[PDB]
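Derivation of every value follows stated rules applied to the coordinates shown; laboratory data play no part. With ideal geometry, Cβ positions are generated from the backbone for all residues, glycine too; neighbour counts draw on all protein chains shown.
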Amino acid sequence: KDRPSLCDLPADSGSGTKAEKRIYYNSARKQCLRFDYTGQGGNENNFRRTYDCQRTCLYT
């Protein structure tokens with residue numbers, strides 16, 4: 001209801017060797033924002049598409 005708790009998850013970049021452009025819900029801005037996810041060592045808050053972030057975290 002409320003909000004999926006995965007939206008409260010930090011933007012974690014991982015410490016990987018690759019560079020990959022992903023998007024997460026920024027909790028304070030209440031807006032989805034792009035971060036660099038590196039492909040090794042990350043968090044579950046990984047959206048590959050902007051509507052995906054929007055739909056899950058905004059529709060509450």
- Message: Filter the stretch 40-56 down to the residues that are closer than 15 Å to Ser15 by Cα and over 10 Å from the mean Cα position of the chain (by Cα) and list them by number.
- Response: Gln40, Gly41, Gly42
- Message: Could you check the stretch 3-29 and list, in sequence order, the residues that are under 15 Å from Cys57 (Cα atoms) and either without any contact (Cβ under 8 Å) to a residue 12 or more places away in the chain or in contact with a strand residue (DSSP E or B) (Cβ under 6 Å, 6 or more places away or on another chain) (or both)?
- Response: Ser5, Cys7, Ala11, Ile23, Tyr24, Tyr25, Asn26, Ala28, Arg29
- For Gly41, indicate whether it is part of a loop (DSSP other than H, G, I, E, B), at positive phi and either in contact with a strand residue (DSSP E or B) (Cβ under 9 Å, 6 or more places away or on another chain) or among the β-branched types (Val, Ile, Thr) (or both). no
- By residue number, the members of the stretch 1-26 that are more than 8 Å from the chain's Cα centre (by Cα) and assigned to a strand (DSSP E or B) are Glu20, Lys21
- Task: Sort out which residues of the stretch 14-28 are out of contact with any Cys (no Cβ under 6 Å at 6 or more places or on another chain) and either surrounded by 15 or more Cβ atoms within 10 Å (Cβ to Cβ) or of a type outside the set (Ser, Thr, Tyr) (or both), and write them in order of number.
- Result: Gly14, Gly16, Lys18, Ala19, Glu20, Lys21, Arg22, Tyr24, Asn26, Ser27, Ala28
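To keep it simple, each residue is scored yes or no on (1) hydrophobic (A, V, I, L, M, F, W, C); (2) on the phi > 0 side of the Ramachandran plot.
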| site | (1), (2) |
| --- | --- |
| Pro4 | no, no |
| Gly14 | no, yes |
| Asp52 | no, no |
| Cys57 | yes, no |
- Message: I'd like to verify a number: residues in the stretch 44-56 that are within 12 Å of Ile23 (Cα to Cα) and touching a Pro at 6+ places or on another chain (Cβ under 8 Å), how many?
- Response: 1
